[PDB]
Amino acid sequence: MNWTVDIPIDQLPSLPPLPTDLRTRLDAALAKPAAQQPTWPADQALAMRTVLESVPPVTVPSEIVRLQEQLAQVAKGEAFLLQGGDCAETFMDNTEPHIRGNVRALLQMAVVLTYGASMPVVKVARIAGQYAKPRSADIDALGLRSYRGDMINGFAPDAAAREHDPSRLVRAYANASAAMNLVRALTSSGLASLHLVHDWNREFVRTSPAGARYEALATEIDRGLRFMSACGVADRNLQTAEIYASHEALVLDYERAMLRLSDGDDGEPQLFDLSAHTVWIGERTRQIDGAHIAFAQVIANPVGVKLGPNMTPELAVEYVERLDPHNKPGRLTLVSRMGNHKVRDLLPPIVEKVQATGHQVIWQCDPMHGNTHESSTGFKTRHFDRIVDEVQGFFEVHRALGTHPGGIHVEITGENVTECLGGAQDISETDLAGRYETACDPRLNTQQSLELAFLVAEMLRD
């Protein structure tokens, strides 16, 4: 009588274990200390991991190999990386309309960035697994154990909901696989048709308060599309697009259980994390001798590491030597998150020192996480202008060094939320209370996220 349904779990499948040699390596890596982990019983975690070891994967190795090839092109300055989605996915909002809205928002941004960059845009959603977060404080403002994301505990402000529940590992997988199934369906459908997506962009221009500002570029894009059609271009590639899946690799119980061995028809068999295509390590879990970095070493997926204002050029180089030991362009993405007031100063010496190693990382801008403040109305928020300005500074840093501004990583949604201040809608502190729906950080709403794409497209054209 709690209005919840229990779904029984079975670990019946008989599947061979991972090879002894790879397990031996994995065990040695996971013996390292791991920050920010859930505190549930080991016996229960083991049982859940055992279930997840036998489930169909979310992604397959050939997709990850294909992504790696596309990311190598980004690292070489021949493509641009767009990564975006919810700050925190919730099980409650993991619905068709919400997923479709986020996929749509990403695609809308991508066509604008493609035109502005004059090169392919690799589209990576924060989706199908972004269910876990780190917490700075053990006790939140309400005197409760902190919400850690839906893979660990519940958002609701009650004690029972905040207890760490290892059954969530399986609920997370169910939600991730369901979302990924839909993302695949949507991208191979008309939704990712280039003409349809740009029609939405055209509507945005009509009805945005600053639409006059973006009308020139929008018209130019439309004339570019029309030109393709006029040139008799095969329409086949226009109809569908590839959207990859990503999340912060935080809960090692989940990530380790989703490891699979590739079939070895591409090269040599090895460990892939098939919970996603690519994952990144967060600022609070990137300890150089910690388990997260060690885990990222062992897997074959492309990986990223968040770099905040305390980053040194020397530590950045250590990440490069640990995580890109074979010098594979695009294998490693370094995600700069410095604050708009600091990026121009702190980023250049890191870029210089890393470039001198001879490795080719992707330099990606996260203009969100270094630009967060609390409004006077109590809401955790970010100003659009500061977000835009960090990307601007990021481009200036790279332009001065002759290096590639390789992409952005943003928190966005297709919803008309009121979470970030500013944009052409001029969202105010007062407005924030209307639709502040994020379970964690403030997201750019659908209009703000498209406006950012127009602005970044202009930076690319400069």
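We number the residues from 1 along the sequence you see. Between two forms, the rigid core is the largest collection of C-alphas that superpose within 1.5 Å.
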item: Farther-lying stretch by C-alpha RMS in 5 other deposited structures of this protein (rigid core fit) among 238-246, 67-75; value: 238-246
item: RMS CA shift, core-fitted in 5 other deposited structures of this protein, bigger for 227-235 or for 270-278; value: 227-235
item: Other entries modelling both neighbours but not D10, at least a third; value: yes
item: Entry-level comparison of average CA B-factors, 228-236 and 79-87, reporting the higher stretch; value: 228-236
item: Mean Cα B-factor comparison, 445-453 or 10-18, giving the higher one as deposited; value: 10-18
item: Residue selected from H195, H164, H98, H277 by maximal Cα B factor; value: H195
item: From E429, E53, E411, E63, residue of greatest CA B-factor; value: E429
item: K306 by Cα B-factor - lowest, middle or highest third of the modelled chain; value: lowest
item: Assigned third (lowest, middle, highest) for the C-alpha B factor of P120; value: middle
item: Third assignment of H404 from its chain's C-alpha B-factors; value: middle
item: Chain-relative CA temperature factor third for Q73; value: middle
item: Where the record places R286 (Cα B-factor, split into thirds across the chain); value: lowest
